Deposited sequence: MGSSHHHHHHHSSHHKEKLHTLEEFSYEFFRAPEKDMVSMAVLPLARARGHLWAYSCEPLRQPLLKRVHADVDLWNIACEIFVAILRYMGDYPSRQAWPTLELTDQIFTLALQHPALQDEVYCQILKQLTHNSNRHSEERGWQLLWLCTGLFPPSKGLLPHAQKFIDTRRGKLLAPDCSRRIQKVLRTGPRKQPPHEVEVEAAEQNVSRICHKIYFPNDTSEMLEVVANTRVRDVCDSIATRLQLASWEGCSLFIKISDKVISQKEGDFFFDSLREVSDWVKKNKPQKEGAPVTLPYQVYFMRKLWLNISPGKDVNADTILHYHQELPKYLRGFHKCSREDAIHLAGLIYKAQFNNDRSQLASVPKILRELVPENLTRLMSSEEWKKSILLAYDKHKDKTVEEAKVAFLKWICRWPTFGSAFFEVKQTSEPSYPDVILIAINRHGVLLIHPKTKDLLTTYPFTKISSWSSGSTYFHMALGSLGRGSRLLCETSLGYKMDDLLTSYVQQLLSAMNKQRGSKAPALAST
């Protein structure tokens, strides 16, 4: 009867695990099914008790629950996240511990006359219901436990979270720092800030079972995008920008990346979450103007300014006019000091081509042609003029190649719709193109990237990024 909402029209006696404990709890070696400040010496359940070596983890879980609730008879300072990691981590890995965690929490919530302890216990049940459900046998007891305590602040949300986690499956990672902070505030609603390439941000509503794709769906509606195909969330952490897997739970992804960053580059690390375009497949500037002016222009502009493309003096003057218009609109006084602004208008490999006044004069003449355009129209014109370049819509990597004596030691690599592009950093010429149809394999380490088509070997700290983009592009092109 999980599918139903039950009502009698009046308050029912508080449901406990007393009757459940007669059949499924081990014998006591204060009730074993009721609150106690005494640490457990053996696990509660007969199933868990019948399995030695699971005894120590079950006891360590109870000690961490006692510590979280403040029932442990000391003040030997504990950060909350370490306690929540101890309570839930091994339960996620060994599902036999999941009913044990629920029974230990419900036990500490039964006949608990200590309001602070009881409040903290409900925060644990709230975190727990967002990770995994109780088993088929325990579910009616946990449901009744919550149903008969509907007036508890977090109780209706615990009931909803069990329905949700049964629908989407369990979490892979224990509570995230953000989830724990909300729990400790007795707040069930969470908003995470999401940053965009156009220097803006939005607050996005997230829950325990929110997947990366759900956040993206909400962002596409919020930004009035025609589609988010090829976009994703990214974590800017340490000196990295890492994409998040669309099918992963948002809080699982945050922890997994933070853990990966800790082992690959050695407290909770600060981070930012960005929403950006990842795959540049079928990008037609003007088709989705909101996507072009929020994402596309602002992602393509810094790659252009770095001087990754092959372009002429005349190309740079023309694009600098559009860039000036996109940034300053009608304000013609921003080119007053050429050294303070030229790096925002012209690719760094081309600034030496003419003097400061010559750039200022040529840019102003170009800019003056956009008097009738809006800022959005300038951004779209910028994109339309560069969208057919073979290096448009690319991720770039500067590497030390060790496989081709005919090429310079340091080369520029572009990964995009056309496959892998090898670029001369001085001339910006395309050395070669490795199309996806010719690539037979690739692999990476933390210090290298290798590709087989006819082999490319290079020194890079960004092999994981190269691998991920190649996989993503290949998976998208196939069907």
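**Q** Which bits of the deposited sequence have no atoms placed for their C-alpha?
**A** Since the structure holds only modelled residues, the stretches it omits are 1 to 5, 35 to 49, 287 to 292, 480 to 485, 512 to 527.
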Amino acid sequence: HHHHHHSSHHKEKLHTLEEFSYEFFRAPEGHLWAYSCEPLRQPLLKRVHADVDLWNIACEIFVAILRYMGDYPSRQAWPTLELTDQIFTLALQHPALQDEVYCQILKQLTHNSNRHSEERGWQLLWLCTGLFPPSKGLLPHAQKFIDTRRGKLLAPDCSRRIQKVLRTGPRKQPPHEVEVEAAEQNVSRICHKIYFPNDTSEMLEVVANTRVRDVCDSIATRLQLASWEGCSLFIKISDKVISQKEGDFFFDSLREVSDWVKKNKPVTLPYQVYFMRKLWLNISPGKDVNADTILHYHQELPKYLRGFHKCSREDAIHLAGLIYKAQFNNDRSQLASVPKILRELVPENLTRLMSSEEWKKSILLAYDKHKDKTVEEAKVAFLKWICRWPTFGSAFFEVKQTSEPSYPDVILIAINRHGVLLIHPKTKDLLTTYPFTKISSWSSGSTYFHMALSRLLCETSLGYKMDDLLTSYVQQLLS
From here on, numbers count along this sequence of modelled residues.
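**Q** Highest mean C-alpha temperature factor of the two stretches 293 to 301 and 220 to 228, which is it?
**A** In the deposited entry, the stretch with the higher C-alpha B-factor mean is 220 to 228.
**Q** Quick check on the record: does 8 to 16 or 460 to 468 carry the larger mean Cα temperature factor?
**A** Taking the mean C-alpha B-factor of 460 to 468 and of 8 to 16, the larger value falls to 8 to 16.
**Q** Sort 393, 73, 307, 130 by C-alpha B-factor from the entry and give me just the highest.
**A** Highest CA B-factor of the listed options: 73.
**Q** At the C-alpha atoms, which of 253, 282, 159, 185 reaches the highest B-factor in this entry?
**A** In this record, 282 carries the highest C-alpha B-factor of the candidates.
**Q** Select lowest, middle or highest to describe the third in which the CA B-factor of residue 163 falls within its chain in this entry.
**A** CA B-factor rank for residue 163: middle third.
**Q** Tell me, lowest, middle or highest third: where does the Cα B factor of residue 257 rank within its chain?
**A** For residue 257, the deposited C-alpha B-factor lands in the middle third.
**Q** Residue 430's Cα B-factor: lowest, middle or highest third of the chain?
**A** Middle third of the chain for residue 430's C-alpha B-factor.
**Q** Thinking about Cα B factors across the chain, which third does residue 377 belong to?
**A** For residue 377, the deposited C-alpha B-factor lands in the lowest third.
**Q** Looking at the entry's B-factor column for C-alpha atoms only, identify whether residue 242 ranks in the lowest, middle or highest third of its chain.
**A** Bottom third by C-alpha B-factor.
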